[PDB]
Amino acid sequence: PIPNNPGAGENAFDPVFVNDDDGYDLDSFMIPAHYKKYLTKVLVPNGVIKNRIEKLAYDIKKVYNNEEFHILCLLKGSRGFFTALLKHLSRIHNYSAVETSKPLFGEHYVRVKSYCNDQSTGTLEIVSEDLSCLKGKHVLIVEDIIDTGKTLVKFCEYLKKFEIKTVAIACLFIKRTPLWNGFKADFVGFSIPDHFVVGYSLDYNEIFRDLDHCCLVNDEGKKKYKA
């Protein structure tokens, strides 16, 4: 059953649970030398993220089977997630494809913006191609992280206007924060503790998007790169 109750996560499998004290020393992995003073520890290594995304793609493929759906990348932060997910989905679909098979997905990009420093401004700006191209489509939203859940409640509310057939959510990280509004995704990678994470395309003020691993920015990093 293709999901279609955004925020409920009706039949979602549990994420990898990342505990409050989980993670690794900066010296356990490769870290850009200059980034090292601004990071407290590695939370989730690049490699686990890729391994986990692979399974998500499989989970997704198993739900949609062969139904055409349309993947929306919520830019800029979900870019890493989205490229990884696409890679894996294509390989899984195309490895099992026969001569009579069909293409599986279309791809679309929406820039979504709300954060200043480490907090939501509680407002939301969006820029995309005209979303009327989604009318009557199965749509899969790909979001790097769910934090307050404001981005998605607000974004999914906007999507209701355009007569989309189904809306489902894939999320890489979900943060256990008391600021969360209850928005659950339908496919979820990791549940993480309440700290601001950078890397794997996630930023603090346009910095760290290039960091391979998901890490916790320390206070000095937050101060140095404050808006």
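Quick note: we count residues from 1 along the sequence shown, nothing fancier.
Two stretches are in play, 92-100 and 71-79, and the higher mean C-alpha B-factor belongs to 92-100. The question of which stretch, 44-52 or 159-167, has the higher mean Cα B factor is settled in favour of 159-167.
Note on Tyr58, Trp180, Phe196, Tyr200: the highest value goes to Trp180, judged by CA B factor as recorded.
The entry lists a Cα temperature factor for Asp130 that places it in the highest third of the chain's modelled residues. In this PDB entry, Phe17 carries a Cα temperature factor that places it within the middle third of its chain's modelled residues. In the deposited entry, the Cα temperature factor of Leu86 places it in the lowest third of its chain's modelled residues. In this PDB entry, the Cα temperature factor of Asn65 sits in the top third of its chain's modelled residues, the highest group. The deposited CA B-factor of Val139 belongs to the middle third of values across its chain.
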